[PDB]
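Structure 1 and structure 2 below are the same protein chain in two forms, each given by itself as structure tokens.
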Structure 1
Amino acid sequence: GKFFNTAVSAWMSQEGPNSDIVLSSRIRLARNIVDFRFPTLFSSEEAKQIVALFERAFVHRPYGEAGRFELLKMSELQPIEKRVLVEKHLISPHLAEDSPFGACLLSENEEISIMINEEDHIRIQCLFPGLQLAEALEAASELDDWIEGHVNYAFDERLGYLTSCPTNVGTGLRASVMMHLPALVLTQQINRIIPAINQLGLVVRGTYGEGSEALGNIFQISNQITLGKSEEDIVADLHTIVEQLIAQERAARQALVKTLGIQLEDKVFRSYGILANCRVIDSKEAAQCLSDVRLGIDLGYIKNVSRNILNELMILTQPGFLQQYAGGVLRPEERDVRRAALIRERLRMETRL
């Protein structure tokens, strides 16, 4: 097990291209199994038979470099354990909350998460640190071939892979990128980009996906069109949009430095001073300050602090990890004290060494 102890696995702690702004790359493949009804129509037995179908096939069959697969059943996990998986981005909020027969199939390296009995019978999702959409598609395609050797996909040649929700009919592909855009939010150029992004077929979402708000200036950029295009082209289209979004973030940072100057240096250090010394902090402010301190490390204002630890605090300060860190359920008053105590401790360590 021990998927619950670390916030960012060794796989995901690797430095990737454009890791200063692009946190990770995700590629989702949606599939349904023949002779079972869809997740939107199907009885409790078809749910547990699908989980039984996957459990039989993949428990005693490792994945090489990825490692052996462990089957996690939502019914057998505790509410913190579910929230810790959502907060580590392993499973969706839909699976942890609204899917009692849901399951998850995790590789040891935690780069592969296969969601069972969610919106689709199968949600194959690969995760790569930094911007690596092309690499994530080969691994997803390679895994997709590997899985359909042991199960039979419900596919119509004209229709394509059958899906419960109209939004992902056809190839069943959602490719997304998670990006930190503090400068585009501060310059308010994010109110222009978002609607422009929607016009090209891309969708802008929160840190935990649809229904999520943007925590700490971290947004999810994913394609919405799922028809009339190959997987390779839609991944190529998302990449170029992300390349433009990277350039706009990096240029807006120079505009902020040239315009604000010492005031921007004052903004990031004040946020540092709060996080390093506060005794009570809420989820909203902690995200804003951690975003500011991350901005300060990228620009060179803040020294002796790694940006990885800040990537790790965004997760460790979420309700799931905090309770686990505390060891037991926490009340809303208690979480603001624990959250601030956690952040001081991790920063105290950085200064010493």
Structure 2
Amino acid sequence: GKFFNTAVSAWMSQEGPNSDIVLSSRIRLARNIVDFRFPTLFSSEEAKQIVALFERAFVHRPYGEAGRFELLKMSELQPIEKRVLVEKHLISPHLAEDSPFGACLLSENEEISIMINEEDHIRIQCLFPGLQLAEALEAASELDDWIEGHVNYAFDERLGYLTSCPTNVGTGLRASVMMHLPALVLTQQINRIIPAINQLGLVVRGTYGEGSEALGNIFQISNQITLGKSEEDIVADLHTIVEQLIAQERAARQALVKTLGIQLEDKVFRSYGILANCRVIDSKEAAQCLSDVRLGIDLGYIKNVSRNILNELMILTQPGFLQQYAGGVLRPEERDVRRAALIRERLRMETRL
């Protein structure tokens, strides 16, 4: 399967602005279709009719340089295929786990993922590498008007796009950035920054882990406000705070180099040595060591290792990709052995080059 082969698409592997700290930018637009009940209330026959509506209008349809759209029906996917789409960030856990007649319209280049029958009938997602919030909003807005030519959105003049989701009321817009902030975590500035960010109207969560955890020091920053503010203003305010976070993380990295010197070089190389040689490693230690190694690459200590090892190995070591790597279902202890072996082989391949 084309979409299931790779952890990160060619599109997302491009270098974008500030790609050392900002992994990616995302615009999501939620809408519901007139004359169908909300997903909270509709029947499976209604869900099927929505999928059939989108198939009629868009399957195999060209979208210019993005290629044609492919329709992936949740009713036709194995659970492991669904899990891989989640780990690639192409579909949500809600779509994979809770939408039996869900679907995803995927552009051939994997820039565009339109979820069908999630918490709203439609969730338009546009993904860009690095910090490209303006470009992703323009792409999502153009796609939004293009879809609206074939489907009729439920829209109210005062309340905006109708939805059952309190966090989508109004614009239906969620803008977010994925950021690697190892220096702010190590200097313990995060527990100060998060409450400050909430005051400015933004939300922070960890991409990986459980609860308040942010394994690999990878964080997602998004807007909280969706009603009473223009989409452009929502995105411009996020962009401002993100650029402030980039400068604080860069400042913290230079402070660590000055304060720790050879001790920091020792820390990132020890993590490299563990990843390159261990035979058993759990998810928490692997993510931490991968974060350390990326920091070492960014700062220039670690040479001859592509920085994309963080992006790619964080995804490839998730349970679905790990089962695919191993060729079959894995028990708990085999998982830690397979995880170490996958990382070892990748780092060995980096040395050969």
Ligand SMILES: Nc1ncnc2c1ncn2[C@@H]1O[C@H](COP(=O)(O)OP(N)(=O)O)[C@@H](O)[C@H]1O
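Residue numbering: sequential along structure 1, first residue numbered 1. Take the two forms, find the largest set of C-alpha atoms that superpose within 1.5 Å, and that set is the rigid core.
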- Sort out for me whether 1 or 2 is the form deposited without the ligand. 2
- Task: Please find the residue from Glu142, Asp156, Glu243, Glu213 showing a Cα shift of 2 angstroms or more between the two structures, rigid core superposed.
- Result: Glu213
- With both forms put on the same core, how far apart in Å are the CA positions of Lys73 between the two structures? 1.2
- Query: If the rigid core is lined up, how many Å does the C-alpha atom of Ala10 shift between the two structures?
  - Reply: 0.4
